[PDB]
$ cat target_11.cif   # mmCIF, C-alpha atoms
data_model
#
loop_
_atom_site.group_PDB
_atom_site.id
_atom_site.type_symbol
_atom_site.label_atom_id
_atom_site.label_comp_id
_atom_site.auth_asym_id
_atom_site.auth_seq_id
_atom_site.Cartn_x
_atom_site.Cartn_y
_atom_site.Cartn_z
ATOM 1 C CA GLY S 1 143.913 98.395 133.135
ATOM 2 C CA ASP S 2 146.321 96.784 130.595
ATOM 3 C CA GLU S 3 147.899 97.400 127.113
ATOM 4 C CA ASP S 4 149.557 95.247 124.340
ATOM 5 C CA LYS S 5 153.151 96.520 125.139
ATOM 6 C CA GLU S 6 154.326 92.867 124.764
ATOM 7 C CA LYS S 7 154.601 93.603 120.962
ATOM 8 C CA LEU S 8 157.404 96.119 121.621
ATOM 9 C CA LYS S 9 159.021 94.026 124.441
ATOM 10 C CA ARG S 10 159.623 91.056 122.015
ATOM 11 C CA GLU S 11 161.129 93.459 119.431
ATOM 12 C CA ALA S 12 163.301 95.257 122.071
ATOM 13 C CA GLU S 13 164.767 92.090 123.762
ATOM 14 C CA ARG S 14 166.611 91.408 120.450
ATOM 15 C CA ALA S 15 168.007 94.982 120.407
ATOM 16 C CA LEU S 16 170.047 94.291 123.594
ATOM 17 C CA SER S 17 170.835 90.706 122.449
ATOM 18 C CA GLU S 18 172.527 91.992 119.237
ATOM 19 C CA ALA S 19 174.036 95.159 120.842
ATOM 20 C CA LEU S 20 175.621 93.486 123.917
ATOM 21 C CA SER S 21 176.268 90.253 121.913
ATOM 22 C CA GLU S 22 180.041 90.458 122.706
ATOM 23 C CA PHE S 23 179.379 91.092 126.456
ATOM 24 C CA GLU S 24 177.231 87.907 126.634
ATOM 25 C CA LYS S 25 179.868 86.006 124.506
ATOM 26 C CA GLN S 26 182.528 87.144 127.045
ATOM 27 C CA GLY S 27 180.288 86.135 130.031
ATOM 28 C CA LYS S 28 180.051 89.797 131.222
ATOM 29 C CA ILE S 29 176.230 89.788 130.832
ATOM 30 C CA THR S 30 173.166 87.411 130.943
ATOM 31 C CA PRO S 31 170.290 87.049 128.367
ATOM 32 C CA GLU S 32 167.779 87.575 131.253
ATOM 33 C CA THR S 33 169.406 90.991 131.992
ATOM 34 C CA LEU S 34 169.490 91.852 128.239
ATOM 35 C CA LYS S 35 165.683 91.211 128.246
ATOM 36 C CA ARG S 36 165.264 93.246 131.539
ATOM 37 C CA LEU S 37 166.980 96.278 129.922
ATOM 38 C CA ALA S 38 164.901 95.950 126.711
ATOM 39 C CA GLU S 39 161.613 95.788 128.729
ATOM 40 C CA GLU S 40 162.330 99.509 129.579
ATOM 41 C CA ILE S 41 162.985 100.236 125.830
ATOM 42 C CA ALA S 42 159.534 98.776 124.974
ATOM 43 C CA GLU S 43 157.879 101.481 127.148
ATOM 44 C CA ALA S 44 160.097 104.242 125.622
ATOM 45 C CA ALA S 45 159.390 103.179 121.985
ATOM 46 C CA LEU S 46 155.600 102.869 122.605
ATOM 47 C CA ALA S 47 155.852 106.396 124.156
ATOM 48 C CA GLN S 48 157.347 107.706 120.847
ATOM 49 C CA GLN S 49 154.188 106.754 118.841
ATOM 50 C CA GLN S 50 152.079 108.277 121.689
ATOM 51 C CA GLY S 51 154.271 111.487 121.622
ATOM 52 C CA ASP S 52 154.846 111.267 125.448
ATOM 53 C CA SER S 53 158.216 113.099 125.949
ATOM 54 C CA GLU S 54 158.196 112.645 129.786
ATOM 55 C CA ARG S 55 158.142 108.816 129.371
ATOM 56 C CA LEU S 56 161.201 108.866 127.052
ATOM 57 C CA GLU S 57 163.349 110.612 129.695
ATOM 58 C CA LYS S 58 162.190 108.473 132.674
ATOM 59 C CA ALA S 59 162.343 105.087 130.850
ATOM 60 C CA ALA S 60 165.742 105.871 129.203
ATOM 61 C CA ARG S 61 167.194 106.963 132.607
ATOM 62 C CA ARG S 62 165.818 103.805 134.350
ATOM 63 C CA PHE S 63 167.313 101.637 131.536
ATOM 64 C CA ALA S 64 170.728 103.375 131.635
ATOM 65 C CA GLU S 65 170.866 103.179 135.494
ATOM 66 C CA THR S 66 170.111 99.381 135.403
ATOM 67 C CA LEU S 67 172.527 98.754 132.488
ATOM 68 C CA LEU S 68 175.431 100.379 134.417
ATOM 69 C CA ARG S 69 174.921 97.805 137.260
ATOM 70 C CA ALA S 70 174.853 94.817 134.841
ATOM 71 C CA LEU S 71 178.143 95.961 133.255
ATOM 72 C CA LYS S 72 179.874 97.009 136.553
ATOM 73 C CA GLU S 73 178.945 93.606 138.116
ATOM 74 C CA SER S 74 181.297 92.103 135.452
ATOM 75 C CA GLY S 75 184.147 94.508 136.458
ATOM 76 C CA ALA S 76 183.536 96.951 133.541
ATOM 77 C CA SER S 77 185.188 100.438 133.378
ATOM 78 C CA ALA S 78 183.966 103.732 131.769
ATOM 79 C CA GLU S 79 185.540 102.545 128.434
ATOM 80 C CA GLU S 80 183.353 99.352 128.435
ATOM 81 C CA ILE S 81 180.180 101.204 129.618
ATOM 82 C CA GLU S 82 180.545 103.878 126.869
ATOM 83 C CA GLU S 83 180.999 101.103 124.221
ATOM 84 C CA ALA S 84 177.989 99.090 125.549
ATOM 85 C CA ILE S 85 175.300 101.861 125.434
ATOM 86 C CA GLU S 86 176.536 102.858 121.937
ATOM 87 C CA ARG S 87 175.623 99.315 120.692
ATOM 88 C CA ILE S 88 171.959 99.802 121.797
ATOM 89 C CA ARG S 89 172.008 103.108 119.793
ATOM 90 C CA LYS S 90 172.955 101.088 116.625
ATOM 91 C CA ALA S 91 170.527 98.219 117.394
ATOM 92 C CA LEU S 92 167.628 100.668 117.884
ATOM 93 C CA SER S 93 168.628 102.713 114.744
ATOM 94 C CA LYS S 94 168.783 99.397 112.744
ATOM 95 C CA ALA S 95 165.737 97.854 114.536
ATOM 96 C CA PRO S 96 162.857 95.909 112.804
ATOM 97 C CA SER S 97 160.302 98.337 114.413
ATOM 98 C CA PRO S 98 159.737 102.018 113.372
ATOM 99 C CA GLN S 99 159.021 102.831 117.085
ATOM 100 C CA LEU S 100 162.530 101.490 117.970
ATOM 101 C CA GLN S 101 164.088 103.452 115.033
ATOM 102 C CA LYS S 102 162.374 106.681 116.322
ATOM 103 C CA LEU S 103 163.622 105.865 119.876
ATOM 104 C CA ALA S 104 167.301 105.705 118.701
ATOM 105 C CA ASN S 105 166.784 109.195 117.131
ATOM 106 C CA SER S 106 164.896 110.647 120.196
ATOM 107 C CA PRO S 107 166.651 113.489 122.151
ATOM 108 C CA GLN S 108 164.715 112.735 125.382
ATOM 109 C CA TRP S 109 166.030 109.123 125.316
ATOM 110 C CA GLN S 110 169.548 110.028 123.989
ATOM 111 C CA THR S 111 170.085 112.750 126.694
ATOM 112 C CA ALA S 112 169.422 110.212 129.522
ATOM 113 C CA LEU S 113 172.221 108.020 128.054
ATOM 114 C CA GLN S 114 174.809 110.855 128.467
ATOM 115 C CA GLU S 115 174.107 110.857 132.256
ATOM 116 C CA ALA S 116 175.107 107.155 132.377
ATOM 117 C CA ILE S 117 178.389 107.524 130.386
ATOM 118 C CA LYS S 118 179.406 110.561 132.529
ATOM 119 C CA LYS S 119 178.444 108.594 135.739
ATOM 120 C CA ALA S 120 180.765 105.738 134.687
ATOM 121 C CA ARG S 121 183.558 108.273 133.757
ATOM 122 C CA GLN S 122 183.255 109.857 137.280
ATOM 123 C CA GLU S 123 183.975 106.376 138.831
ATOM 124 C CA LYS S 124 186.419 105.467 135.933
ATOM 125 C CA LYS S 125 187.616 102.027 137.269
ATOM 126 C CA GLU S 126 186.069 98.978 139.051
ATOM 127 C CA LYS S 127 186.471 98.195 142.823
ATOM 128 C CA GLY S 128 187.483 94.577 141.927
ATOM 129 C CA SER S 129 184.251 92.680 140.995
ATOM 130 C CA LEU S 130 185.730 89.113 141.301
ATOM 131 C CA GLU S 131 183.784 85.978 142.448
ATOM 132 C CA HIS S 132 184.935 82.882 144.447
ATOM 133 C CA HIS S 133 181.833 80.559 144.233
ATOM 134 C CA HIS S 134 180.037 78.537 141.467
ATOM 135 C CA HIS S 135 176.489 79.974 142.117
ATOM 136 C CA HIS S 136 175.012 77.021 140.116
ATOM 137 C CA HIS S 137 171.330 77.837 141.058
#
$ encode --input "target_11.cif" --output "structure tokens"
Amino acid sequence: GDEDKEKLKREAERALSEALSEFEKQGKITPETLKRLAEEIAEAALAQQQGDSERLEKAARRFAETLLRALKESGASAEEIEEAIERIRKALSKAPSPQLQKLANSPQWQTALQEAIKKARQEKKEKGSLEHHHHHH
């Protein structure tokens, strides 16, 4: 049992790459993590053409939960989290795919994002998030 979801994954990995472009430029985030976040968008955008509302909520929540770790790992605060998710909203709304444009406009996806901004606002500030080793591998 398999499906050609790779077509949406290759379109979505660019959405995060352009949205979080400044976070990667700053060394807050990695291109592997930007792809890992967009792999959940691929499922959510394919679900929009299938009309599967339950997928939109679950995939958007899983994406927004993962994204919060990738940002907080860099020492991000609620102000950086709430700017970061907003960039995916533009990148999806401006996307090359009509499935990704429908995803940016989807209430089931957009509601799951609010839970991630309010989660980061409940914590407000980082614990410290500094590193003392090269980690070259």
$ resolve_selection --input "target_11.cif" --expression "the PyMOL selection byres ((chain S and resi 29-31) around 12)" --output "PyMOL selection string"
chain S and resi 13-28+32-38+67-76+84
$ atom_distance --input "target_11.cif" --atom1 "atom CA of residue 59 of chain S" --atom2 "atom CA of residue 90 of chain S"
18.2 Å
$ axis_aligned_box --input "target_11.cif" --around "segment 113-126 of chain S" --padding-each-side "3 Å" --output "AutoDock Vina command-line options"
--center_x 179.9 --center_y 104.9 --center_z 133.6 --size_x 21.4 --size_y 17.9 --size_z 17.0
$ atom_distance --input "target_11.cif" --atom1 "atom CA of residue 94 of chain S" --atom2 "atom CA of residue 11 of chain S"
11.8 Å
$ atom_distance --input "target_11.cif" --atom1 "atom CA of residue 91 of chain S" --atom2 "atom CA of residue 122 of chain S"
26.3 Å
$ residues_around --input "target_11.cif" --residues "residue 44 of chain S" --least-positions-apart "5" --cutoff "12 Å" --atoms "only C-alpha atoms" --output "MDAnalysis selection string"
chainID S and resid 5 8:9 12 37:39 49:63 92 99:110 112
$ closest_residue --input "target_11.cif" --among "S:117, S:6, S:85, S:127" --to "residue 45 of chain S" --atoms "only C-alpha atoms"
S:6
